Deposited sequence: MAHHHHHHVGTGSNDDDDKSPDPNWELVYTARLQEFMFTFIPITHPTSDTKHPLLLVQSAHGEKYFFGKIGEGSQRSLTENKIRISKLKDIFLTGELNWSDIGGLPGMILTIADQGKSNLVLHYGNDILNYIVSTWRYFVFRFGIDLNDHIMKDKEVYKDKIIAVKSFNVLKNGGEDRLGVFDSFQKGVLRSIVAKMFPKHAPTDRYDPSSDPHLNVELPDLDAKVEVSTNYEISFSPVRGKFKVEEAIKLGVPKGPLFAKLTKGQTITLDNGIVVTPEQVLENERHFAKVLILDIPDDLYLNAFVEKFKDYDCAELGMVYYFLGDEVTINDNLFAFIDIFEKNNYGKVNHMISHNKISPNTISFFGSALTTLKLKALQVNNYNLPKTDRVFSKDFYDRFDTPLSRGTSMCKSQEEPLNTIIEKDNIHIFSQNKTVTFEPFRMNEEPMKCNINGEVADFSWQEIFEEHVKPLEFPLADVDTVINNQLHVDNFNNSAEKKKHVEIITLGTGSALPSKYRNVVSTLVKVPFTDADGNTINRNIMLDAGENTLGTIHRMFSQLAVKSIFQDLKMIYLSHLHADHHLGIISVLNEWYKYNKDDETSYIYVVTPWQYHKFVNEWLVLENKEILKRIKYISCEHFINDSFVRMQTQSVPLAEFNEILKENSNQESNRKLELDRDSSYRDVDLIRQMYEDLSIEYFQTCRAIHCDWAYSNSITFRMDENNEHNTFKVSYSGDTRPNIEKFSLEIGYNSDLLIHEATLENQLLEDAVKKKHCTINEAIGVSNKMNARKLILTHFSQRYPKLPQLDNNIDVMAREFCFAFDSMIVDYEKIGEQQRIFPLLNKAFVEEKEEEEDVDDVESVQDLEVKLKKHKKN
């Protein structure tokens, strides 16, 4: 009869938002906070179990950063077999959110209910009780809301169609269903609201009854909210209030003004109240994925210059750290949000940094006899590059792999565009190299190709090209590079291509577009081309009208079917209006016409000589594609040709021999180990051989393999009986930076590479 408040994620390069798990004495579990990108992967890394959990209390404003991990989480918690699941929030917008995920989220046998809480509504459980409060950024009280009662009705119906009781038909693709092409309700009466929660606990039980402290969970996106937050909480009775949790946004600044809000909650009736601060200039930037970081470090020991080491630094808030204690050690970068020190009545032993191993436990107590029982356990997870080197990689004894050459003298060096050659010829960063589920060791797919273009005058600029981007792609980016380096990358990001509608390929695209906007915002003539299946353009539109309408004025979407190398262009479905969703559908004749104006305009802008696609043998509306880049003004013959499979079953007829043919570089899917050939054919992916076979008939001058399914990090088992028709090749690993010219210099290391992860083999074999 006790509760532990165990933090899952804190603000960090990989994990942008806080998430908190409250766990009962006998295992009843509830999430509070935000289910952002990487938040489902961080559960598996740390071996946390989600048995009994069916309640997610979503706080704050809901943009893509705050919920991009949620589609993933739902389809993972379903695949794990969870019967029910309830999403809580204080605004009807939540149903519009899940509704935007029609074409990519579908699971039967899960009872997914959305619970839209009124302003002061209580949710009583057997064990817990949870009252909500909705702060409204600018206004006071919520009147009509956002959607009318008909609009709310149809949105709930879409959610029901997404998570039905019984299986529909065995060959059912949400992509290829006409009834999901609905016109979602317009966001005109939309409101900016932070949802917060008060958590009370059920008393324990002739004798006399013991009570529990009350936890408040606040979520403040930015400063403009604070005026509304003081207006809503000034007269809030802090009687039995034991702790307040502050989920403070990036945009909120740590100044006298914030602490005038915090000061409201200085006292309770039986003593003082402890404060827990989650903020990105306060919480440390620890490594979130140690599996990945170790795997990356071992790989850097073999081929240095092809990996960056995970950064762990950030600027902290001097104002804060000085006003309490552990002031900064003078090497680490500080920030000073104001001239004067912090004006606040809070004591140092009653305020704490929200961090990963910093758990809090509440025991019950005799109301007015004794002080309220609350115990803040744990310390920040310390970490040392040198100490993990000597333990985990030094004993492997690789050629010239030592604590200096791998770590120390590499620690301050970006291996992206630095050298002479690297400027004027192609690079590929493989930011994710995995199938379906984010694993401990390989994140979901993303492939970023730098294709340079040299000018008449002879100076050379990059054309960065995104080829899919699953959950937390912008995370894995922010982690490898410094902030100074990310700006240049997004300023040169000219195109985003999606192969198909599976969630492992697109769930980071919105984050990517948000970041692209951050950097290209200010150039009125800066645009981004987005070539995707047409259903994903529905999403982008219905999402960005919610989150940032302005970005839609810079997106120049083509559509994959308008590049198909086929006389016949498949006709897309006509959008069925809102009214007529209730209980054949006409196709759109105009959708058959290639948007040739915009294609020609892409070619001129990005210097593409030819872009074309073909159909992948996988999903409906899947695609494989091939792009030919002219490399300078003063040369006709200087073309570079890239090709990228979707999740295709090997397609040697239409892709290898036709569109892909004679390509300088192929990037192909190699999901399955050869041993699982009969599973690959059902799941519609190539095996490592079937991939190499495609690369062969194509005549790929070079090859890269990605989208690996694996129980553990290994180099794939090459078949001795098959040739590599390809002057150079390599196997992708998360955060890897090849130069196109130097793709082959992995082959030299192939024998040693296999040895490197025997530690991770024996570990994952603990179940076998």
Deposited-sequence ranges lacking C-alpha coordinates, in sequence order: 1-35, 241-281, 660-671, 857-874
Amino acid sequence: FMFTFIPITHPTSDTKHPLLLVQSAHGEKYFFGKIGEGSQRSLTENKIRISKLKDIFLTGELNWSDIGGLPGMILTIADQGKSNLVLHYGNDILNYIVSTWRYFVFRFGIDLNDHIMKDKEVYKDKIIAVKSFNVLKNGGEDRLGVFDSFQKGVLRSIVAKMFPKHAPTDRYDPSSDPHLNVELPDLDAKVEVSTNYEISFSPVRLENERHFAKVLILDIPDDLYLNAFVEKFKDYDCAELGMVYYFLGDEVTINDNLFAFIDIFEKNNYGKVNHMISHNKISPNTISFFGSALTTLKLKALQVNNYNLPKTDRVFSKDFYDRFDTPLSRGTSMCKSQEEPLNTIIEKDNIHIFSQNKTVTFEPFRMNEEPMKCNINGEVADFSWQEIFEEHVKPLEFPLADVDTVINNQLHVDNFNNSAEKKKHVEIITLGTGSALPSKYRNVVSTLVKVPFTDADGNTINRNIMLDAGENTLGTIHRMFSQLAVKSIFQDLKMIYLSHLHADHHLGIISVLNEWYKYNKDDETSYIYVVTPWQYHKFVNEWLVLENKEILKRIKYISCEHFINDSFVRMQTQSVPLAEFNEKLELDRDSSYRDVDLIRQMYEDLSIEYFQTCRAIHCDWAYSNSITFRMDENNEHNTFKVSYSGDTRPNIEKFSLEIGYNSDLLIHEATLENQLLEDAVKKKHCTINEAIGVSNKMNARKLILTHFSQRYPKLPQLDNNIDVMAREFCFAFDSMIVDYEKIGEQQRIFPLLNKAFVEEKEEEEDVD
From here on, numbers count along this sequence of modelled residues.
Assert higher mean C-alpha B factor (115-123 or 71-79, deposited values) equals 71-79
Residue stretch of maximal mean CA temperature factor, 334-342 vs 285-293: 334-342
In this crystal structure's PDB entry, the residue among 564, 220, 501, 396 with the greatest CA B factor is 396
So among 198, 468, 547, 209, who wins on Cα B-factor in the entry? 209
Rank-wise, by C-alpha B-factor, drop residue 733 into the lowest, middle or highest third of its chain. middle
Binned into thirds over the chain's modelled residues, the C-alpha B-factor of residue 754 lands in the highest
Going by what the PDB entry lists, where does residue 679 fall on CA B-factor within its chain: lowest, middle or highest third? highest
By its CA B factor, does residue 23 count among the lowest, middle or highest third of the modelled residues in the chain? middle
What third of its chain's C-alpha B-factors does residue 40 belong to: lowest, middle or highest? middle
